[PDB]
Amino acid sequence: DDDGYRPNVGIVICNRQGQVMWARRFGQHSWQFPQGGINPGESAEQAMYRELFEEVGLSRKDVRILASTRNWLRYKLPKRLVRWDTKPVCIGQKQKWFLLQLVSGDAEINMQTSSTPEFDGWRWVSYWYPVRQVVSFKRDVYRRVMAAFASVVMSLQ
């Protein structure tokens, strides 16, 4: 359903110590989970693996999919950030999320695989910290994502 919401996939990568991977936006001081659009003809899961390698340098063999979200979670952009006169105009995102366990070493994370790298650093953070730190208009989504994944993450410790 074309609703003004652009289809998107997000990635929560965890370890065995209750932590998730938190990535620093390239040349910036702001942080986020990896995320990116789902292309026409693509499944959310295929899009997830693609952006996992493009943004984090990890492949299918480096992770286990522990959980995912069946349904969209939507946020609307802030009115001022709405890019008017663009095609297609986008009033927010509708997102599926995947919870991945990192089963390779931390050294396999490589954020330089693309020619326009999305991030320039990363660090482990406790799994609920992103909920408090994500830009305001994403917070309801992140609350729902982490509440769905919290039990699984903790069952590894």
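Start at 1 with the first residue shown and count on from there.
J.: Out of 10 to 18 and 130 to 138, which stretch has the higher average CA B-factor listed in the record?
T.: Here the higher of the two C-alpha B-factor means belongs to 130 to 138.
J.: Quick one: higher average CA temperature factor, 53 to 61 or 118 to 126?
T.: It is 118 to 126.
J.: Looking at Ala44, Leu102, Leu99, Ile91, which has the highest CA B-factor as recorded?
T.: That would be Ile91, according to the entry.
J.: So where's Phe33 on the chain's Cα temperature factor ranking, which third?
T.: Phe33: CA B-factor falls in the lowest third of its chain.
J.: Could you say whether, by C-alpha temperature factor, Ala107 belongs to the lowest, middle or highest third of its chain?
T.: Highest third.
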